[PDB]
Amino acid sequence: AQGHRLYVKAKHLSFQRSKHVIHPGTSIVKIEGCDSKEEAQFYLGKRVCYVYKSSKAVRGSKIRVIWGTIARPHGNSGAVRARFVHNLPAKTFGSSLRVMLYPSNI
Amino acid sequence: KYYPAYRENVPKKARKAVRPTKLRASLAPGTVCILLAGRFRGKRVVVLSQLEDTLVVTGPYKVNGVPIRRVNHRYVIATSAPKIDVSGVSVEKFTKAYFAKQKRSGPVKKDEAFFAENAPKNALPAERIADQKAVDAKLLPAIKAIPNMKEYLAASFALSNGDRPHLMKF
Amino acid sequence: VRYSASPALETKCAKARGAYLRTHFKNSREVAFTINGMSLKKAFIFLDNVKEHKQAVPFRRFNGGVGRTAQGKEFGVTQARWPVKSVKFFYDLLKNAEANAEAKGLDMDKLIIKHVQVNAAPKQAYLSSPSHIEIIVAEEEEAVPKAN
Amino acid sequence: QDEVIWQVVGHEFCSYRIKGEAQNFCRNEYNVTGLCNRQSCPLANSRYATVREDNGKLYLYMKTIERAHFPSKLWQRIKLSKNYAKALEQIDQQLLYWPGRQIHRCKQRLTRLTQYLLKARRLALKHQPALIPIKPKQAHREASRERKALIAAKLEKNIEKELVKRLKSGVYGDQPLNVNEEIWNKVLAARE
Amino acid sequence: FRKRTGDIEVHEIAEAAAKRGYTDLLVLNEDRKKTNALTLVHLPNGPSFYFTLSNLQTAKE
Amino acid sequence: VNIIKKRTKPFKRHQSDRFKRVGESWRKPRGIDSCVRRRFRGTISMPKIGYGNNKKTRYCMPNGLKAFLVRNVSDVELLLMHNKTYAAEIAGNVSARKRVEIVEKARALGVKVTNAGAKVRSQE
RNA sequence: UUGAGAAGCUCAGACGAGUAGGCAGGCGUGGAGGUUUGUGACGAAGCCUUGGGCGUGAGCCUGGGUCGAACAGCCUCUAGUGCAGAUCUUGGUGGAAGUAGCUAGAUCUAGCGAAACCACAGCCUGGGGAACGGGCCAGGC
RNA sequence: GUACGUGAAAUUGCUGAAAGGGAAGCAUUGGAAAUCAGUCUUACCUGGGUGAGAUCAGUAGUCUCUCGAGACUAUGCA
């Protein structure tokens, strides 16, 4: 059919790292469909979230969300830097993300 | 009880005066815009007027069932669909106090609802519906004049596979 | 006194205790591990078999220096022995727990060894290792149909 | 005098000083601020005014340099009206031409002592649970005797003894609904 | 069950519960996240018994 | 005014987790050939004055108040003027007869007590 | 404007590796003078704790449990005052080990039973300059 | 409970939970699970009514200090 999907699919690649030092405060996010740093400027400031599930349920809901915001582009290939309210776990490398269309300026 | 009992360091005189918000160029009244967040996410609605910060927006009741509601201007995508005639409907009644949440009051005495929990319930007054019934009366002919507008606002916006929001124009 | 296990309330438990028993601590730890959780009637047969070398006690933890045996396949291993002095002490304690349960008026057909623990008594270059042994026997807990 | 007194008490030893990490406090009853300072020391300040409470009434206490060697007559006392506006003016009139810092600190203490009396009156009207102490000896005694009582109770033995007893007496109808047919047959043969 | 709200007292609850058709009122006293007392009163004017609970153990335990 | 803590983890003594004989309390490493003293990469941190917290918010609890140890009612009355800066903390050796009278007195004074519900029960 | 512990308060700028060594201020322990009109059988001290808090730190405060008769903060005085090492001293206790073996029965079983040693570990291949392989780096397992 | 006040650490047994391809191992950042602190609206302002009483009386006494300053007593509550 056709769902809602008012967001854009994205992937968690890695932390902002050098060769041997990592900085989990900033995460590198690949917004799929964005292919250059100029294109990444559209998604700057948008709200990105990591939706996952836990077996224990809270308020009758098993879905937990970590909210973040895209800060700046990273590299020439359209990858961006995102800072989350809680630093994303290291195990979520390659995990999917949702990039909202808000806040909007179009 | 009135002479200040403590040091009470008064805040220094701030120099942050309140100036009116500058809305976007394309967020004009009568624009068909897509709601991005809330319970009506994806719904297309018609902008009646711009409040101090938000947009007093509504979808026609008989089209998509979106009542007269405030929406933040950052949470709205303004599509380039043809404008709707809104100069014919008065919007002075849509103020900050009009949408303001009714004050949580009620001098409930001890016991009964205070303890036994026989609480009352809320309901939208017919006054809000009466004003609402007027706006679609002055808006439905406008949307019916141009083709597909009635069907446009009924549908809900969504993103399909291979849709790049940065590239494709709204 | 108080035992190591939260059971041994009057409800369904019969206690037997042996302090400063003159037996090796490492041997007793293996015998206790074997008969733990097993029914009281079956335990008497097992201890009877070991005395007649019909059955062997598998040594799991302190398995050092224990030869291969063909009687340990019941427990999944092959290192087993036939301790007698340690088994004799456990036979005396089990009879004491069985007699305590009988005096309590407990149902004797459902008794199982709920808890058995061996602790090291004070040591007394030939300081051997005496053993503290405590045994709790209780009925097998059962369910009842709810409403239908 | 005053500068000699302060050096002896403020910097060598005062029995009223509570040495805290961020600040030093004063155990003196005649200190307006409750802190150990040069200006709030009642001992080192020959002219000193404070407000304190006696059985629900706030009084202005003042001492002068000329009564410093008569401890029984050192401090003079006046009544401050329950009306706050009149109480402020009473401090202003009695402390006339005193330094503005001393009048300021007396009016600040009058506000805190008025709020405390107000809060004391409102606590009396309210119904608040009474705090009852926990006695370590009685808790140990009751915990041990309870363990003996629970063992001596034999709950399961006594529960099933009564349940069977009321089965015999037929507290139920003709045949009970909680018993299997075979058990009920055994009951009938045994009881008759 | 009725959650205890605001500043309603036991005697007020008893007088309010009596007119609502209640026969016995049970009040559970808890502090520091532990129930330690139980007072039951017999409406409307019956004797009130004050107990102290101990060794509380729910079904899961 | 918000309390900012430069660090929340304590500074443990080096090699304190490998030996029970070596306590967790911080000891300066005197070894010259020690990697911890020379501050290599991966080595633990050491107490430096840079970690010192803001003077204004120093000694402040997360609720914004500074602890004041109280042994009797006379101690708690000192906080009449400083009830918005300090919280009463009844000492551990003060009996339950005095803990109740300190808590009732601190209630009228408008003073927060950090351990007001200790060694007592309630009776509504 | 109250912000005179003038030993306080306040404003500004620069600066921050560190062995030997130099200097300053603090934390903790036993006892002594003074003090807190101090704490304590309604529970002192001690100990336990994935309870909480404070301090850059030494450390300190506190809840719960255990416990049972004493004890502490502040100013000063005093010293047999702070430990991971000394093939340290005394005591306790481990792995080695139910091993090496030494009393019975039929090499097996039973019974009785050590000591040396012990930073921790335990697959290779290379390179890693100072050995580096056992810890390090790139590869196999 | 005479293996007797308190009863630490090393060490041992049992039970529970978790982890586990030839080490553990600690640090940094989060997740998960468990478990805690950790808090709330309740008071202020402005009334009006009702009565209440003193620090109010177009009031009378006593006591202690020094006229008037505190403590009370009787009466009125305008």
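Per the PDB record, this model was obtained through cryo-EM at a reported resolution of 3.0 Å.

As annotated in the PDB entry, chain C carries the name 60S ribosomal protein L17-A and is attributed to Schizosaccharomyces pombe. Of the comments in the UniProt record for chain C, the one headed Subcellular location reads "Cytoplasm". Database annotation for chain C, UniProt heading Sequence similarities: "Belongs to the universal ribosomal protein uL22 family."

Per the PDB entry, chain A is named 60S ribosomal protein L33-B, and its organism is Schizosaccharomyces pombe. Turning to chain A, the UniProt annotation filed under Subunit states: "Component of the large ribosomal subunit (LSU). Mature yeast ribosomes consist of a small (40S) and a large (60S) subunit. The 40S small subunit contains 1 molecule of ribosomal RNA (18S rRNA) and at least 33 different proteins. The large 60S subunit contains 3 rRNA molecules (25S, 5.8S and 5S rRNA) and at least 46 different proteins."

Undergrad: Before we move on, could you go through the overall build of chain C and cite the residues and values that matter?
TA: Within chain C one finds three helices and five strands. Going from the N terminus to the C terminus, chain C shows its helices and strands as β-α-α-β-β-α-β-β. When the backbone C-alpha atoms are referred to their principal axes, chain C occupies close to 60 × 35 × 25 Å. Relative to its 148 residues, chain C shows a buried fraction of 43%. Carbon and sulfur atoms make up 51% of the accessible area of chain C, which totals about 8900 Å².

Undergrad: Account for a positive patch on the surface, naming residues and giving values.
TA: Residues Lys1 of chain B together with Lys57, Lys79, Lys82, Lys119, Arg121 and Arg122 of chain D make up a contiguous surface patch of positive charge. By residue number, the principal contributor to the positive patch is helix α3 (residues 100-125) of chain D, which donates three residues. Inspection of the secondary structure assignment puts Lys57 of chain D in strand β4 (residues 57-63). Here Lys57 of chain D falls in the partly exposed class, since its relative accessible area comes to 33%.

Undergrad: Hey, could you go over the pattern of salt bridges for me, with residue numbers and the actual values?
TA: Under the definition given, this model contains 19 salt bridges over all chains. With a closest N to O distance of 3.6 Å, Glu10 of chain C and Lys154 of chain D form a salt bridge. Of this pair, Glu10 of chain C sits in the segment before β1 (13-21) while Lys154 of chain D sits in the loop between α4 (136-153) and α5 (155-168), on two different chains. Overall, the relative accessible area of 35% leaves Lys154 of chain D in the partly exposed class. Of the charged contacts in the structure, one is a salt bridge between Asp75 of chain F and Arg27 of chain D, with a shortest N-O distance of 2.7 Å. In this pair, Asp75 of chain F is assigned in helix α2 (residues 73-77) and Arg27 of chain D in the loop between β2 (24-26) and β3 (48-54), connecting two distinct chains. Assessed through its relative accessible area of 5%, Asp75 of chain F is described here as buried.

Undergrad: Give a description of the interface of chain F and chain D that names residues and reports values.
TA: In this complex, chain F contributes 24 residues to the contact, which on the side of chain D involves 26 residues. Summed over both partners, the interface of chain F with chain D buries about 2300 Å², with 66% contributed by carbon and sulfur atoms. There are one salt bridge connecting chain F and chain D. Between the two partners, chain F and chain D, sit seven residue pairs in polar contact. Of all elements in the fold, only β1 (66-70), α3 (96-108) and β3 (120-121) of chain F reach the threshold of two or more residues within the side of chain F that touches chain D. It is α3 of chain F that contributes the most residues to the side of chain F that touches chain D, six residues altogether. Tallied by class, the residues present in the side of chain F that touches chain D amount to 13 nonpolar, four polar and seven charged. As paired strands, strand β6 (residues 132-133) of chain D and β3 of chain F are joined by two bridges and run antiparallel to one another. Within the sheet, the bridge partner assigned to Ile132 of chain D lies in β3 of chain F and is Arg121 of chain F.

Undergrad: Outline the pairing of β3 of chain D, supporting the account with residue identities and numerical values.
TA: Both faces of the sheet carry side chains from a regular strand, because those side chains alternate between them. Residue and element names in this part refer to chain D. In terms of residue burial, β3 counts as a mostly covered element, since five of its seven residues are buried. As paired elements, β3 and β4 share seven bridges and run antiparallel to each other. Looking across to β4, one finds that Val51 is bridged to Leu60. Counting the residues between successive antiparallel strands, the hairpin from β3 to β4 contains two residues, one of them, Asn55, with a positive phi of roughly 45°.

Undergrad: Run through the packing of helix α2 (residues 40-51) of chain C against helix α3 (residues 85-104) of chain C, naming residues and quoting values.
TA: Helix-helix packing: each pair is described by the crossing angle between the helix axes and the interaxial distance. All names here are of chain C. As a packed pair, α2 and α3 sit with axes 10 Å apart at the nearest point and diverge in direction by 155°. By the angle between their directions, the pair α2 and α3 is classed as roughly antiparallel. Of the two possible hands of crossing, α2 and α3 adopt the one that is left-handed. Within the contact between the two elements, α2 uses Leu40, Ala43, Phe44, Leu47, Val50 and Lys51 and α3 uses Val87, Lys88, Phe90, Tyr91, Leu94, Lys95 and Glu98. Residues that form the contact of α2 with α3 fall into these classes: nine nonpolar, no polar and four charged.

Undergrad: Any chance you could break down the protein's contact with RNA strand H for me, citing the residues and the numbers?
TA: In the vicinity of RNA strand H lie 34 residues, with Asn87 of chain A, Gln117 of chain C together with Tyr59, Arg77 and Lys79 of chain D positioned nearest. Each atom of RNA strand H within 4 Å of the protein was assigned to sugar, phosphate or base; sugar and phosphate come to 79%. In this structure, a phosphate oxygen belonging to RNA strand H sits 2.9 Å away from a side-chain N or O atom of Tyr52 of chain A. Side-chain polar atom of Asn36 of chain C to a phosphate oxygen of RNA strand H: 3.4 Å apart, as the coordinates give it. Secondary-structure elements contributing two or more residues to the surface near RNA strand H are β3 (47-58) of chain A, α1 (25-35) and β4 (111-120) of chain C together with β4, β5 (75-79) and α3 of chain D. Top contributing element to the surface near RNA strand H by residue count: β4 of chain C, with four residues. Of the residues assigned to the surface near RNA strand H, the class counts are 11 nonpolar, nine polar and 14 charged.

Undergrad: Give me the pairing of β4 of chain D: which residues, what numbers.
TA: Residue and element names in this part refer to chain D. For β4, a buried count of six out of seven residues is recorded, marking the element as mostly surrounded by other parts of the structure. Of the strand pairs in this sheet, β4 and β5 are connected by five bridges, and their pairing is antiparallel. In the sheet register, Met62 faces β5, and the bridge partner there is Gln76.

Undergrad: Run through the sheet that holds strand β3 (residues 54-58) of chain B, naming residues and quoting values.
TA: Residues and elements named next belong to chain B. On the basis of which strands lie adjacent, the open sheet formed by five strands has the order β4-β3-β2-β1-β5 and antiparallel pairing. Of all the strands in the sheet, the pair left with one neighbour each is β4 (69-72) and β5 (76-78). With direction set aside, neighbouring strand axes in the sheet form an average angle of 50°. Across four bridges, the pairing between strand β2 (residues 44-50) and β3 is antiparallel. Bridging across to β3, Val47 finds its partner in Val57.

Undergrad: Tell me about the sheet that holds strand β2 (residues 22-31) of chain A, and name the residues and values.
TA: Two pairing modes exist for strands in a sheet, parallel and antiparallel, and in both the strands are linked by backbone hydrogen bonds. Residue and element names in this part refer to chain A. Spatial strand order, β1-β2-β5-β4-β3-β6: six strands in a closed barrel with antiparallel pairing. Averaged over all pairs of adjacent strands, the angle between strand axes in this sheet comes to 45°, irrespective of strand direction. Pairing between strand β1 (residues 7-17) and β2: seven bridges, direction antiparallel. By the bridge assignment, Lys11 is partnered in β2 with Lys30.

Undergrad: Got a sec to walk through a negative patch on the surface? Specific residues and values, please.
TA: Residues and elements named next belong to chain C. Together, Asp107, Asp109, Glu140, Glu141 and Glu142 give the surface a local cluster of negative charge. Position of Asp109 among the secondary structure elements: in the loop between α3 and β4. The exposed category is assigned to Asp109, whose relative accessible area is 58%.

Undergrad: Could you give an account of the side chain of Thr57 of chain F, with specific residues and numbers?
TA: All names here are of chain F. Within the fold, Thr57 resides in the loop between α1 (35-38) and β1. In this structure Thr57 comes out as buried when scored by relative accessible area, which is 7%. Every residue in contact with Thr57, bar those within four places of it in the chain, is listed here: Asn2, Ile3, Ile4 and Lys66.

Scoring rules and cut-offs
- Residues numbered from 1 in each chain as written, not as in the entry; some residues may be left out.
- Chains lettered and ligands numbered in written order.
- Part of a larger assembly, values for the part shown.
- Heavy atoms only, no water.
- UniProt positions renumbered as here; feature names shortened; annotations may be inferred.
- Helix = DSSP H or I, 4+ residues; strand = E, 2+ residues; numbered from the N terminus.
- Buried < 20%, exposed > 50% of the residue type's maximum accessible area, 1.4 Å probe, protein only.
- Areas by Shrake-Rupley, 256 points an atom, 1.4 Å probe, with all protein chains shown as cover.
- Patch = residues over 30% accessible without salt bridge, like charges linked within 9 Å, V, L, I, M, F, W, Y side chains within 5 Å.
- Salt bridge = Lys/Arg side-chain N within 4 Å of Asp/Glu carboxyl O.
- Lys, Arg positive; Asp, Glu negative; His and termini not counted.
- Charge placed at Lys NZ, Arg CZ, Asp CG, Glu CD.
- Contact = heavy atoms within 4.5 Å.
- Buried area = accessible area lost by both parts, 1.4 Å probe.
- Polar contact = N/O pair within 3.5 Å; in protein donor to acceptor, adjacent residues only side chain to side chain.
- Nonpolar A, V, L, I, M, F, W, Y, C, P; charged D, E, K, R; others polar.
- Pairing = 2+ DSSP bridges.
- Axes fitted to C-alpha atoms, helices over the stretch in contact; angles between N-to-C directions.
- Parallel < 35°, antiparallel > 145°, perpendicular 65-115°, else oblique.
- Left-handed = near helix turned anticlockwise from the far one by under 90°.
- Near = heavy atom within 4 Å.

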